[PDB]
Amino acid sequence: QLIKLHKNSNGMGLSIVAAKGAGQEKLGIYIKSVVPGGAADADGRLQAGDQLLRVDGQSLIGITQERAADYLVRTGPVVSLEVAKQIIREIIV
């Protein structure tokens, strides 16, 4: 699923970590946390654990942490992310 975020001065509002998720041999980029108050938080679709596959068409799979982080910081005000959603977001009680 594709997700477009409108960055503010604090950017996308994503804390990220490089890891090899269960079943994957390749290094991937994962959302550690969604910064409260930020663009990603307001959009609401992204959550901790989701994998960022592409940013503006560029692959974030099987590359070093430094290269992936560079691709993410060198984006424009509107960024297009290709996500892997890794079901119930909330529960009414």
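Quick note: we count residues from 1 along the sequence shown, nothing fancier.
Asks: Our gap detector needs a label for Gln86 to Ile87. Which class matches the unmodelled residues of the deposited sequence there: none, 1 to 3, 4 to 9, or 10 or more?
Replies: Per the deposited record, the segment joining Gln86 and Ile87 lacks coordinates for 1 to 3 residues.
Asks: In the PDB entry, which of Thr64, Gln58, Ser33, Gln51 has its C-alpha at the highest B-factor?
Replies: Each of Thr64, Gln58, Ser33, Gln51 was compared by C-alpha B-factor; the highest is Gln58.
Asks: Comparing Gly21 with the other modelled residues of its chain, is its CA B-factor in the lowest, middle or highest third?
Replies: Middle third - that is where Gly21 ends up once the chain's C-alpha B-factors are sorted.
Asks: Hey, what third does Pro77 fall into on Cα B-factor, ranked over its chain?
Replies: Top third by C-alpha B-factor.
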